[PDB]
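Student: Here it is: the structure, laid out below.
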Amino acid sequence: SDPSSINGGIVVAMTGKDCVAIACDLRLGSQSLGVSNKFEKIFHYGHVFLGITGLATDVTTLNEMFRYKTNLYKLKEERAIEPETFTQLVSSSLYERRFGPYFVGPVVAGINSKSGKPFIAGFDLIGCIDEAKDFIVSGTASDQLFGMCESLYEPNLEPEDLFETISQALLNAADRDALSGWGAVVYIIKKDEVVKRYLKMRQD
Amino acid sequence: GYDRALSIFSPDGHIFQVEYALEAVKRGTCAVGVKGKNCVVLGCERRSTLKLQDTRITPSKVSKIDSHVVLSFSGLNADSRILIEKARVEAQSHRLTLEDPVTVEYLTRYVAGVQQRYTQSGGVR
Amino acid sequence: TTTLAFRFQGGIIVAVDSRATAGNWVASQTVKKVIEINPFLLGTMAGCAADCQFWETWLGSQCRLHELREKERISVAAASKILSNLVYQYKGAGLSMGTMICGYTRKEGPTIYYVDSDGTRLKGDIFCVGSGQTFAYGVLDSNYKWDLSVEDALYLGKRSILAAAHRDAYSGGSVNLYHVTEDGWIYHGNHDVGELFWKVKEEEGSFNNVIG
Amino acid sequence: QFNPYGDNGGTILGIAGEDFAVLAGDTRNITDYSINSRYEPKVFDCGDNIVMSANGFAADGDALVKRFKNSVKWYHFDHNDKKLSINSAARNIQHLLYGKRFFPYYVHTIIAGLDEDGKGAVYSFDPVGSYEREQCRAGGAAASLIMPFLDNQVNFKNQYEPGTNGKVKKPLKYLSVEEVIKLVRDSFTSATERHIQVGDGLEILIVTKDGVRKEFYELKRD
Amino acid sequence: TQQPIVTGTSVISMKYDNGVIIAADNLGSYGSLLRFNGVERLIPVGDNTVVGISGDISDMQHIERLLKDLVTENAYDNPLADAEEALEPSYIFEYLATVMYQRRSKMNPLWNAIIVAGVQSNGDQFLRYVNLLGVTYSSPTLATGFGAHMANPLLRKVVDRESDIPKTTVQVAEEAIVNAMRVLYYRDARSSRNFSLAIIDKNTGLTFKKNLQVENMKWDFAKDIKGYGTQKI
Amino acid sequence: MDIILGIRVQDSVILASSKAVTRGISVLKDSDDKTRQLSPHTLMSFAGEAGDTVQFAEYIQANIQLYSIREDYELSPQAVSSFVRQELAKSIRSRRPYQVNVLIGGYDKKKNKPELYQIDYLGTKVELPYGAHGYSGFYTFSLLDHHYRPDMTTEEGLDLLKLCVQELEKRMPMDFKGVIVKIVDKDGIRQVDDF
Amino acid sequence: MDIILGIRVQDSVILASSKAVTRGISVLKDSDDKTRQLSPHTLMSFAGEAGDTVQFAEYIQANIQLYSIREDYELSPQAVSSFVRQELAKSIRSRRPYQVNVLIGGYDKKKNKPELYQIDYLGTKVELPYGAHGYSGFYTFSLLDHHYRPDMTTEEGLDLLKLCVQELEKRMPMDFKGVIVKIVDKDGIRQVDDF
Amino acid sequence: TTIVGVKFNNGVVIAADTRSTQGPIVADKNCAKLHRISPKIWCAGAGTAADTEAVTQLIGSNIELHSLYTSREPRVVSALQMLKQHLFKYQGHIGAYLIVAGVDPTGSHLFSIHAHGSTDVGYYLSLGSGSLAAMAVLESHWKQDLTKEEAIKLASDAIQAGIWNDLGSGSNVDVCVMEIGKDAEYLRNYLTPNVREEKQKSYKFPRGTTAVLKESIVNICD
Amino acid sequence: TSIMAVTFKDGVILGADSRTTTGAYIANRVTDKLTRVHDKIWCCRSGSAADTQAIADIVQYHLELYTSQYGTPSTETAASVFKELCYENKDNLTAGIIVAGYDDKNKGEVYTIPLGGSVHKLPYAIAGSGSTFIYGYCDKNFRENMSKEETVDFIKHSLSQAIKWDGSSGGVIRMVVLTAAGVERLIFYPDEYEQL
Amino acid sequence: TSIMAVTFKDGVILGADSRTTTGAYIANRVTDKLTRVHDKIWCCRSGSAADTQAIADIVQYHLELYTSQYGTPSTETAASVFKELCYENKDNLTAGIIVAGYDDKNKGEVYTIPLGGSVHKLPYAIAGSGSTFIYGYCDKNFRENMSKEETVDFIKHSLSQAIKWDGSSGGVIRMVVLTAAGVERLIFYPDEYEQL
Ligand SMILES: [Mg+2]
Ligand SMILES: [Mg+2]
Ligand SMILES: [Mg+2]
Ligand SMILES: [Mg+2]
């Protein structure tokens, strides 16, 4: 009965040279039972990408909530929300439920359309912002991801090289976690193009 | 506890207590075993100095150890009961753990082992 | 863990996985969950690694002492009972074992005994033990027949572990196969689930739930 | 109520080559959020070309190593100075661990050396005595950080041959002592960055047919 | 299963170029009550070892008796008891460490943290720690209780690693110890002003100092501190 | 309340639900229909805490029927499933949550496609080719992984379903008294009377 | 281990015992014989804690067989039941008691009468015309109170037993996979192969 | 976490380390723990990270509105009073432990605030897991009538003590100096004594190493 | 904590130590436990620092508002406001407060308010964890209508012993003198009081 | 309970109250808590009455057997035997014993043995629930080498205050004087000591 490890799953985000990457596994289970291998944990609102790990009902609920809020933002502001602004919105929304929190580990990723600066961020379940140049990790194999990212990561990687680093970080972290894996998706995000790749991995 | 080594070697290399136990066997009533092609027969002598006996209730010379094995003897009658009891207990213990009754060789090996133990244990004859 | 063993026309199939877990941490993917007691006796391991590994190797020593003393290979029944009587002495102390003693002898023929740490001992044709036992049962029962060939039987045992490795989070790594005949046991290799899954998916047309 | 166990932190790492083996471990000893020692060795030469480390609760670790060292000494007395093979040592350690099944040594044990064919060997144990021979094993506090990195770099897991449509795997091969030490040093520096109980110093024991050699490296002290 | 009743607080120690220094205050606390004020928690063994003990005082007194008996036992049938076959710090430590671990393994510990400071026969400095769990470790600076949190940081600024030991004199080392004892008196609620200090040098031998006091204390700044926020008067 | 299964085939969705209602050491009923028609082409089966299951199912039914009348229009299975999920998502953080797990089998008339949604009491929604709640999945999922094909007919889906029930009847500890099978397709919802 | 029944009729004792062996959410076996022949005219069925049941049954069996060999004589059902009771009476105040309930069905050759004894794990012995252990009694006792007659034949006793099994199969929550029936009479112990 | 506050001649200085933990794992190796309540009133937080940030931002927002309303520069006692009444109302459930420091028309101020709502005054303070290591330094070297440069040294020395001796603290030292009559100077990464050493190897993969099943262009535009 | 308030000829004196502990750690060794709620009405705080600060602040607010409307409040009135807060919120408070004040009519007065929220007017009062060790000393040495110097010596000697035996008490001895003359703050350092 | 032992010029004096309570009920108001383990070695008992009586009886046996073999035991020896019992059986005992005795060589000596079973030789000792209230008074008023009359007044005044504040203490004040002259029993009633 630990909300953060009932459904399982992982998200990882990295920065590169004029680009960002965000990736996640596809597993959704009920403890030992694998239920779905199509459960994607990454969503996007305009050009800002959000990955969410943890309790699957809250993953879904928060996606619907941030879609709701970014749509109203766009109508009123007459422009798409930026990663820096969205990060503050995620934090505010999570802390609003301080004593009844969503059991999640969100990860923001994106490129600022004005400045062109690659941006990533992570949060704890009550909204504490973890800003980072290098990488952000979340989920039931976060320890494994921290180890993989710390050793494999180097600054200023090109999109094609960054893809290999983030993919290998996720895959090998997932294979050392029982509640993660069952497929994987990787988003490579450039200033004005986004490539989505499904990875081949072991299905156990 | 009584520890005395009763069964011991002599200068000539004999254990007299074991050899004197054989003399007790030589005194006992005769017992014979003959095995055929599809059977075994155990014959036993009963001395005829004892009349007015009750043959219904008098301990029989041949004793069943299990439903498939029997034991006859010659020598001290009281001593034989201790071996027979131990043998019967081992027979049931074997069925319990091995899920199979004892072989005749196994049962013999057990009884023989008990007899041997009493030739080099303290305080026993 | 997922282990199985079933009886059929051509003897006994035994199949296990190779994953070891400490909570949600995958400790190992290359664990030997079959113990080779002797050329005619196998033992499967589920539950606590140390309990299974220690006591089943101890069991082999006891089986060896039996054939020295009795000049005859121990029966599957007698071997299984030594283990079951041992764990029964420890009942309540916290041993965790789900084991299957499999073998062939002249008097018994191909025989499988299920033995666990709370003292249960059962003879049977089909058994699956472990966290993924239900997944293995589902595939095994629906495709099982007595008149299976040795080839089809080996595959079914392999396919049943694969099914469990896929669905059960605490089962995986690889599949270890064994076949037991009148002549003894025969090892049929280590099969990595990483490659085996895609091979089976393609050739069989199964596993449509997965993104191919 | 009295708690007989404690956590002394630290992490260990064993890798097996073709004709050699390494057993590495950091020299930091901790309790809670305090540092007890920046240099307290926990990888030991036990004789007969066997190196051993029992990481976790240091008191149990020291006790186990001490008992195994003593087991080697008596193996020489009782069996005409015969060399204790790595496989025989492994089985012996299982009985030491399982002997306290109901009051366990709270340690992850790893031993390293050469097998009877002269090839590199590493054996790893759980607290209660289950063991397995492996090419690769990380143990202790930062095991979860280091182990998946080893799967990727030592055993080449999830790495396919470029251009083969993910059909042909990257072939397995033995690593040189130079390449292994690089992976060890990079593993420990990475662990030192992301784990608070890991740091101060790194001590590596290398085992070849010639003997047991030592190497020491500084780690971050924060 | 125990609980400590009458307790002693921090024991602090460090190595210097020619030997070791160890110190501990003279208090025997009874929970929050500062019950006993004349308690010696540094116990010399021979002329080359000082054992410093914190935690349960009843168990400390038991350990005193064990050490006292060890000296007696070592002298039996031993013509070289005051020479080559005299008790070393390493012998005394290993004995205690064996006892501490045996007692924890029987779920009946000696509720203590112990530091054995001394100088070996070959001139090498000996400094090692053992506690109720049987846990042992060595370091250029060692401390127990609050001393681990507050003294070690100050002592490690003097001797941060092995190579700093030859560069550290007895004057500098003692000053750091005395300074650490003052800091503990400021910040440890179960500490006293009165303490004992022992120096084991390879040349000058065992120097045992009793009835030392914490002095040169800064309290004057307290007069200016008023209220807890807004209060001006 | 125990066994509820779902299989989405080529042109229909098949729901199978156990007939047993057990309280204590007594099977009180052996003909219980654990499902409610939410709309002509949408069916919801349910299982969980006693009382809550029916109360929730009927509450949803009323809301969907209210929507149908108001707009003179049938909501899509996707729309109904999202509504149901949200209600369960609200419920889990209430004073006393609905402990009810559901399967929603529907035929989308606009897409001309069958759809099966699995939703647990936490509000965890997933679209699946086949689904189950409770201990049922531990046997059926592996069986369906093997035998299921996406292009199967309704008759083939029923034979596949028979294979699941047989396995459950063999290995399940409790007697669930068989199942009621219902088919959801383009022509609506009908019950298989002989199973 | 769950259902064990006993019915003493005119000239025999009939024991019916369930075939299911369940562990967790899996029926591991559906052909388990929960009984041991203690002597040619005495049969004991058993149910309770896993491991203990068989261990106890076989221990008793060995002791009675040992007695048979020693005296070349079969103990009466009353004598065997008293021995069994005493062993359970010792057990309940041990460090770890045998959690095993038994029925002892025997035919006394000296009295020419069938006898049925019900003994629970506490060592509580009662001689009865019909008996049961566990939840079984809550259904069967009332049924037998109604239909049972003391002068019934073996065939009538089997039909009465069929009526009990049917009621259990209808109202019991768990699937116990039918029963193995054995008859104890003057001619010894035999099994009814088709039930 | 290690945080300190030190008063001097014409102002006050605060300092902090830059390690953010997640149990024994280091999540952020260079987080900013020094927060702004108002331009010349800064805050250092320990305990529950979200609570320290949320509470400092809320009071900072209300302080700004108060400053606009009163046409006056915000006072430290106002931030202190607003923080402690908010924290007290939640009875310690908001795990915010702060060191508050700043300058205003009344002078220079230094306070500590605890989660339950209690406040303290002082010339030198320390909070966090490394507070005892830091306070040991402060009790050794603090004196009356410190200069700006002496205070910055003392403060950063106190943080270093925590960085080296406390496992919960690490990486860099941040400082903020608030002097009377001057603008406050925030010194991000004032010290950087824990630089990661060059790795022994580059783990840049050959392109094509990762097996792929599907590629697709994602539409982010309208 | 060791706190006390003593009435004498010219008025009243409040006394206190300066130690605040978190377990065995001294969080503050120079705490000011003597707090003003009005010009010549002060209090000594013991128990939860969060609770006693919150209470004292609310009382200070009430007495400031009282003064604006009705003029200077009596010491009894101040004690009544403390009591009202401590009594009505007794389930959620851990506060042991001694109230002391000087009127021109009533002269020096002392009220003690223990955990439950009862009120007790006394010639002198002692409270805090360290007070237990000086019940005997204070009872034997307290006299009514003492001089200023005698009352200072009494408080100094009393708290010196409380500090000596109580680990939770220590640091400096702060004192506040309340008379017709005005308000005087006194401080006494360890080197003086320890060797009494 | 309120118990104390005080060394002085001519020897040592043991003092104690006479109240034994079961909760708030006084089971015995005239208890004798001063108990002889040898001619001129006595003890004051506090804690579990069953435990302290059992211990004192065993000690009395050991010292009687000691005397038969080795002659008169020292006060240190008596304290050692108490300690051995209290320390080795610390898990099953609740005993706080003060040992006091007179040698001709060593004169008056006092040893206190708290709960844990540690031993502490002191010029004077106080123990029992009521001792907490007189740590301050005793520390300020105790002098070494007092006369008999001065030591009697010290114990009387001290226990009077302990009794005054401790509900678990009361009744009469019993005292036992140990000198070269011999053994003298003293008793003091409420009407005398209450109004000191
Ligand atoms: Mg995985
Ligand atoms: Mg799996
Ligand atoms: Mg580190
Ligand atoms: Mg004090």
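Labels for the structure tokens follow display order: chains A, B, ..., residues from 1 in each chain, ligands from 1.
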Would you mind listing what lies within 10 Å of range 134-141 of chain I as a PDB file with C-alpha atoms, in the first residue's frame, with only C-alpha atoms counted and same-chain residues fewer than 5 positions away left out?

Tutor:
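Saved the output as result.pdb:
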```
ATOM      1  CA  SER I   2      14.466  27.543  35.584  1.00  0.00           C
ATOM      2  CA  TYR I 124       6.870  34.152  45.159  1.00  0.00           C
ATOM      3  CA  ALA I 125       6.698  31.434  42.504  1.00  0.00           C
ATOM      4  CA  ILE I 126       9.070  28.946  40.892  1.00  0.00           C
ATOM      5  CA  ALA I 127       8.561  26.993  37.670  1.00  0.00           C
ATOM      6  CA  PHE I 154      17.818  35.056  46.795  1.00  0.00           C
ATOM      7  CA  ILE I 155      17.001  34.658  43.090  1.00  0.00           C
ATOM      8  CA  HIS I 157      21.431  31.672  44.730  1.00  0.00           C
ATOM      9  CA  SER I 158      18.180  29.833  43.924  1.00  0.00           C
ATOM     10  CA  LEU I 159      18.603  29.699  40.137  1.00  0.00           C
ATOM     11  CA  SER I 160      22.309  28.926  40.607  1.00  0.00           C
ATOM     12  CA  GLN I 161      21.327  25.664  42.316  1.00  0.00           C
ATOM     13  CA  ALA I 162      18.590  24.941  39.760  1.00  0.00           C
ATOM     14  CA  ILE I 163      21.155  25.401  36.986  1.00  0.00           C
ATOM     15  CA  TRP I 165      21.414  20.211  39.003  1.00  0.00           C
TER      16      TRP I 165
ATOM     17  CA  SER J 131      15.298  13.841  47.377  1.00  0.00           C
ATOM     18  CA  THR J 132      14.738  15.866  44.178  1.00  0.00           C
ATOM     19  CA  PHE J 133      13.288  18.737  46.222  1.00  0.00           C
ATOM     20  CA  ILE J 134      16.360  19.089  48.489  1.00  0.00           C
ATOM     21  CA  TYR J 135      19.346  18.888  46.100  1.00  0.00           C
ATOM     22  CA  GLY J 136      19.580  22.673  46.359  1.00  0.00           C
ATOM     23  CA  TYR J 137      19.143  22.866  50.131  1.00  0.00           C
ATOM     24  CA  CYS J 138      21.574  20.024  50.900  1.00  0.00           C
ATOM     25  CA  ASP J 139      24.311  21.304  48.555  1.00  0.00           C
ATOM     26  CA  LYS J 140      24.183  24.774  50.140  1.00  0.00           C
ATOM     27  CA  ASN J 141      24.040  23.584  53.764  1.00  0.00           C
ATOM     28  CA  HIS J 157      15.818  20.109  58.213  1.00  0.00           C
ATOM     29  CA  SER J 158      16.572  18.381  54.889  1.00  0.00           C
ATOM     30  CA  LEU J 159      14.066  15.528  55.239  1.00  0.00           C
ATOM     31  CA  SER J 160      11.526  17.973  56.692  1.00  0.00           C
ATOM     32  CA  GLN J 161      11.534  19.833  53.364  1.00  0.00           C
ATOM     33  CA  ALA J 162      11.505  16.597  51.347  1.00  0.00           C
ATOM     34  CA  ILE J 163       8.472  15.459  53.341  1.00  0.00           C
ATOM     35  CA  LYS J 164       6.819  18.875  52.950  1.00  0.00           C
ATOM     36  CA  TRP J 165       6.880  18.744  49.130  1.00  0.00           C
ATOM     37  CA  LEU J 196      10.971  24.137  61.389  1.00  0.00           C
TER      38      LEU J 196
END
```

Student: Given a cut-off of 7 Å, what residues near ligand 1 show up using only C-alpha atoms and all ligand atoms, put as JSON, numbers by chain?

Tutor: {"A": [174, 175, 176, 177, 178, 179, 180, 181, 204]}

Student: Collect all residues with atoms no farther than 12 Å from ligand 4, counting only C-alpha atoms and all ligand atoms, and output them as a PyMOL selection string.

Tutor: (chain E and resi 27+29+32-35+185-193) or (chain I and resi 1-2+17-21+24+26+29+129-130+133+159-173+190+193-194)

Student: May I ask you to extract the residues of chain A within 9 Å of chain D, using only C-alpha atoms, and to give them as a PyMOL selection string?

Tutor: chain A and resi 141+143-148+150-152+168-169+171-176+200-202

Student: Would you write out those residues with C-alpha atoms, as a PDB file, in the first residue's frame?

Tutor:
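Okay, part.pdb is ready:
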```pdb
ATOM      1  CA  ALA A 141      13.944   2.956 -10.752  1.00  0.00           C
ATOM      2  CA  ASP A 143      18.181   5.128  -8.022  1.00  0.00           C
ATOM      3  CA  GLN A 144      19.082   3.120 -11.135  1.00  0.00           C
ATOM      4  CA  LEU A 145      18.485   6.171 -13.354  1.00  0.00           C
ATOM      5  CA  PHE A 146      20.655   8.440 -11.163  1.00  0.00           C
ATOM      6  CA  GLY A 147      23.486   5.908 -11.471  1.00  0.00           C
ATOM      7  CA  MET A 148      23.120   5.511 -15.246  1.00  0.00           C
ATOM      8  CA  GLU A 150      25.616  10.302 -13.673  1.00  0.00           C
ATOM      9  CA  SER A 151      28.060   7.984 -15.482  1.00  0.00           C
ATOM     10  CA  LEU A 152      26.727   8.115 -19.079  1.00  0.00           C
ATOM     11  CA  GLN A 168      20.614   3.431 -22.763  1.00  0.00           C
ATOM     12  CA  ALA A 169      20.117   5.182 -19.405  1.00  0.00           C
ATOM     13  CA  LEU A 171      16.684   0.708 -20.712  1.00  0.00           C
ATOM     14  CA  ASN A 172      19.412  -0.495 -18.344  1.00  0.00           C
ATOM     15  CA  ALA A 173      17.748   1.213 -15.372  1.00  0.00           C
ATOM     16  CA  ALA A 174      14.403  -0.414 -16.256  1.00  0.00           C
ATOM     17  CA  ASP A 175      15.933  -3.908 -16.571  1.00  0.00           C
ATOM     18  CA  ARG A 176      17.098  -3.673 -12.937  1.00  0.00           C
ATOM     19  CA  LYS A 200      12.915  -2.323 -28.470  1.00  0.00           C
ATOM     20  CA  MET A 201      13.560  -3.797 -25.014  1.00  0.00           C
ATOM     21  CA  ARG A 202      13.186  -7.079 -23.118  1.00  0.00           C
TER      22      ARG A 202
END
```

Student: Could you list, as a compact mmCIF listing (two decimals) with C-alpha atoms, in the first residue's frame, all residues that come within 9 Å of ligand 3? Count only C-alpha atoms and all ligand atoms.

Tutor:
```txt
# COMPACT_ATOMS: atom_id res chain seq x y z
CA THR D 189 33.20 8.59 -8.76
CA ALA D 191 28.46 6.75 -6.86
CA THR D 192 30.33 9.39 -4.82
CA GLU D 193 28.45 12.16 -6.67
CA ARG D 194 24.97 10.69 -6.17
CA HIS D 195 25.29 8.81 -2.85
CA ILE D 196 26.06 10.52 0.48
CA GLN D 197 27.43 7.39 2.21
CA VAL D 198 30.03 6.87 -0.57
CA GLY D 199 33.31 8.82 -0.81
CA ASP D 200 36.67 9.69 0.80
CA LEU D 219 37.46 10.26 -3.77
CA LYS D 220 35.47 13.40 -2.95
CA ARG D 221 35.27 14.01 0.80
CA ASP D 222 31.92 15.87 1.04
CA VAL H 26 21.77 13.36 -4.06
CA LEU H 167 26.63 13.62 4.84
CA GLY H 170 27.84 19.10 0.28
```

Student: Using only C-alpha atoms and all ligand atoms, find each protein or nucleic acid residue lying at most 6 Å from ligand 2; present the set as a PyMOL selection string.

Tutor: (chain A and resi 204) or (chain C and resi 165-172)

Student: Using only C-alpha atoms, please write the residues we just selected to a file, as a PDB file, in the first residue's frame.

Tutor:
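Ended up saving to part19.pdb:
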```pdb
ATOM      1  CA  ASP A 204       9.860  -9.252 -18.744  1.00  0.00           C
TER       2      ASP A 204
ATOM      3  CA  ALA C 165       8.129 -14.064 -17.056  1.00  0.00           C
ATOM      4  CA  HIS C 166       6.130 -11.602 -19.158  1.00  0.00           C
ATOM      5  CA  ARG C 167       3.203 -10.933 -16.798  1.00  0.00           C
ATOM      6  CA  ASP C 168       4.763 -11.527 -13.350  1.00  0.00           C
ATOM      7  CA  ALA C 169       7.044  -8.640 -12.344  1.00  0.00           C
ATOM      8  CA  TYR C 170       9.074 -10.878 -10.001  1.00  0.00           C
ATOM      9  CA  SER C 171       9.747 -13.523 -12.686  1.00  0.00           C
ATOM     10  CA  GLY C 172      12.071 -13.249 -15.693  1.00  0.00           C
TER      11      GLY C 172
END
```

Student: Got a sec to pull out which chain C residues are within 10 Å of chain D, counting only C-alpha atoms, and send them as JSON, numbers by chain?

Tutor: {"C": [22, 25, 26, 27, 28, 30, 31, 32, 48, 49, 50, 51, 52, 53, 54, 93, 94, 95, 194, 195]}

Student: Please indicate the distance in Å from CA of residue 127 in chain A to CA of residue 5 in chain H, rounded to one decimal place.

Tutor: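 Rounded to one decimal, the two atoms are 27.0 Å apart.
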
Student: Give me, as a compact mmCIF listing (two decimals) with C-alpha atoms, in the first residue's frame, all polymer residues having an atom no more than 12 Å from residue 174 in chain I, counting only C-alpha atoms and skipping those fewer than 3 positions away in the same chain.

Tutor:
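Listing of selection13.txt after writing:
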```txt
# COMPACT_ATOMS: atom_id res chain seq x y z
CA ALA E 222 24.43 37.84 26.06
CA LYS E 223 23.68 41.20 27.75
CA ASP E 224 22.76 42.83 24.42
CA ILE E 225 20.35 40.04 23.40
CA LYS E 226 16.79 41.10 24.27
CA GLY E 227 13.44 39.36 23.69
CA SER I 2 14.47 27.54 35.58
CA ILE I 3 12.22 30.55 36.21
CA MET I 4 11.00 32.44 39.27
CA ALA I 5 9.30 35.66 40.36
CA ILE I 13 11.70 40.81 40.53
CA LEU I 14 11.54 38.21 37.76
CA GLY I 15 14.42 35.78 37.29
CA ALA I 16 15.35 33.18 34.69
CA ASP I 17 18.14 31.13 33.12
CA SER I 18 19.00 31.35 29.39
CA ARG I 19 19.15 27.75 28.11
CA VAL I 30 21.54 33.03 25.62
CA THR I 31 17.72 32.92 25.47
CA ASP I 32 15.67 35.76 26.95
CA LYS I 33 12.83 34.06 28.83
CA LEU I 34 11.72 37.28 30.55
CA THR I 35 9.15 38.91 28.28
CA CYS I 44 8.45 34.11 32.71
CA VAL I 152 18.53 39.67 44.01
CA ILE I 155 17.00 34.66 43.09
CA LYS I 156 20.69 34.40 42.16
CA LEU I 159 18.60 29.70 40.14
CA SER I 160 22.31 28.93 40.61
CA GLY I 170 21.98 26.97 32.31
CA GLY I 171 23.80 29.85 30.66
CA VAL I 177 13.34 44.50 38.48
CA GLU I 184 15.85 47.58 35.38
CA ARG I 185 17.45 44.67 33.52
CA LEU I 186 20.14 42.64 35.27
CA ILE I 187 22.44 39.89 34.02
CA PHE I 188 24.76 37.49 35.85
CA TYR I 189 27.41 35.31 34.21
CA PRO I 190 28.54 31.73 35.04
CA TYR I 193 27.04 32.44 40.15
```

Student: Need the shell around range 87-101 of chain I: protein/DNA/RNA residues with any atom at most 6 Å away, counting only C-alpha atoms. Skip same-chain ones fewer than 6 positions apart. Format as a list in words?

Tutor: residues 40, 41, 42, 43, 44, 45, 46, 47, 48, 52, 75, 108, 109, 110, 111, 112, 113, 114, 115 and 117 of chain I

Student: From a DSSP calculation on the backbone, collect every residue of range 4-184 of chain J in strand (DSSP E) and output the set as an NGL selection string.

Tutor: :J and (4-7 or 11-16 or 20-22 or 25-28 or 34-38 or 41-47 or 95-102 or 108-113 or 120-122 or 124-127 or 173-179 or 183-184)

Student: List every residue of chain F that DSSP, applied to the backbone of this structure, assigns to alpha helix (DSSP H), and report them as a PyMOL selection string.

Tutor: chain F and resi 52-71+77-91+137-147+154-171

Student: Taking 5 positions as the minimum chain separation for residues in the same chain, which residues sit within 9 Å of residue 149 in chain C when counting only C-alpha atoms? Answer as a list in words.

Tutor: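 In the requested format, the answer is residues 8, 9, 10 and 154 of chain C.
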
Student: Set the distance at 10 Å and use only C-alpha atoms: which residues neighbour residue 33 in chain C once local chain neighbours fewer than 6 positions away are removed? I'd like the list as a list in words.

Tutor: residues 1, 2, 3, 15, 16, 17, 18, 19, 20, 43, 44, 45, 46, 49, 52, 53, 99, 175 and 176 of chain C

Student: If you measure from CA of residue 19 in chain A to CA of residue 197 in chain H, what distance in Å do you get, rounded to one decimal?

Tutor: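 We find that CA of residue 19 in chain A and CA of residue 197 in chain H lie 25.7 Å from each other.
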
Student: Tell me, as a list in words, which residues lie within 9 Å of residue 167 in chain G, counting only C-alpha atoms; anything in the same chain fewer than 6 positions away does not count.

Tutor: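 Returned residues: residues 139, 140 and 143 of chain G.
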
Student: Please save C-alpha atoms of the selected residues as a PDB file, in the first residue's frame.

Tutor:
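result13.pdb, freshly written:
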```pdb
ATOM      1  CA  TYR G 139     -25.047 -27.559   6.658  1.00  0.00           C
ATOM      2  CA  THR G 140     -24.960 -31.346   7.106  1.00  0.00           C
ATOM      3  CA  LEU G 143     -29.841 -32.243   7.043  1.00  0.00           C
TER       4      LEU G 143
END
```

Student: If you measure from CA of residue 34 in chain C to CA of residue 14 in chain C, what distance in Å do you get, rounded to one decimal?

Tutor: 8.6 Å

Student: Define the interface residues of chain H facing chain D as those within 12 Å, counting only C-alpha atoms, and report them as a PyMOL selection string.

Tutor: chain H and resi 1+17-30+128-133+159-172+192-214

Student: Dump as a VMD selection string the residues of chain B that approach chain G to within 9 Å, counting only C-alpha atoms.

Tutor: chain B and resid 63 to 67 85 88 to 89 91 to 93 95 to 96

Student: Please report as a ChimeraX atom specification which residues of chain H come no farther than 12 Å from chain E, using only C-alpha atoms.

Tutor: /H:7,75-84,100-101,106,109-113,117-124,129-145,157-167
